[PDB]
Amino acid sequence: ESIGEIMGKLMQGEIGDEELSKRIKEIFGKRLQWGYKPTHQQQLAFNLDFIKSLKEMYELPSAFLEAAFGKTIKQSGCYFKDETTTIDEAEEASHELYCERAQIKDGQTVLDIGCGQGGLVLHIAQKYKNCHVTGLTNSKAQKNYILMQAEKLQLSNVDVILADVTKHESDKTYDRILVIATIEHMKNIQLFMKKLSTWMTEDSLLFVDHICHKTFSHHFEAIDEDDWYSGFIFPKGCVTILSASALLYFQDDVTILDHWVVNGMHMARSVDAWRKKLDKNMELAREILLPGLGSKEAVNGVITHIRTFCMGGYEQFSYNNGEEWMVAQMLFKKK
């Protein structure tokens, strides 16, 4: 059983959902075997080795995005109160959670780093009309989308910075900096945190939300030759899954004030909703993508990628009733 084989059957839609879930679950189970140590002594030795190594280091059309994701195209874990919470409500609930945890108050300058399609930017701007809300994104498409939404919603307190955060230089400081599902993509965390501190004053607060494992850190990459999933989903080996505590060791330039995690079932419910909505709008999605992609085969490839991401994400975050992979949140002030 080779991976070239498994990829073939996967791309040809010949693996049933039940089998696909089972295979991915098995791959995550192996990640758990790799990460858990028999003693806390060894667990910390392993975790500290990961932290020390860290310290030495085509866009989807928005119409397609709107057909797969919730209303504000949130691309991060949402928050589900009820069994009946829709993805749209879940988006809103997690926006309000961030506002509370980050102590957003009317009149503050707010910076959202890696703002995506700007669901959070738009939420804060509308809710707090005296705040000035800046999103920062490296994507031209995202900037354009946010600006269009701000205009449609009669929001005058939004700007977007188009930039690679790791290169962006400014003397500007902000009362509140929010970093949502972005730190996972950052090559140099110590330098990232340091730069963020330079955009803060003594009164600023920094809020970070990231997917985590409760116990250990890992790069999102294949353990063994049998793992076809990790490299399929992330073909760059560029996503890091920090442990729930990893950022505690990155207080060179910022100091922790609070620390939470959100159980993984919330993220699981998120990716499940995306998957279902994508399945629902499958034909429309296929039509939307065809122009920009060329082939209907290249279409199916993109769709398979996204759907499998959702299928795998479900197994990942729901493992052990959400008590393995989950979401970590931290609040810091400047040193």
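All residue numbers refer to positions in the sequence shown, first residue = 1.
Missing deposited residues between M57 and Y58: 10 or more, all without coordinates in the entry.
For the pair 187-195 and 222-230, the mean Cα B-factor is higher in 222-230.
If you average the C-alpha B-factors over 258-266 and over 169-177, the higher value belongs to 169-177.
Considering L44, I288, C310, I27 together, the PDB entry gives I288 the largest C-alpha B factor. When the C-alpha B-factors of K152, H210, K129, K140 are ranked from the entry, the top spot goes to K140. In the PDB entry, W34 places in the middle third of its chain by CA B-factor. Among the modelled residues of its chain, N144 has a C-alpha B-factor that falls in the middle third, as given in the PDB entry. Ranked by Cα temperature factor within the chain, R275 sits in the middle third according to the deposited record. In the PDB entry, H40 places in the lowest third of its chain by CA B-factor. The deposited CA B-factor of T85 belongs to the highest third of values across its chain.
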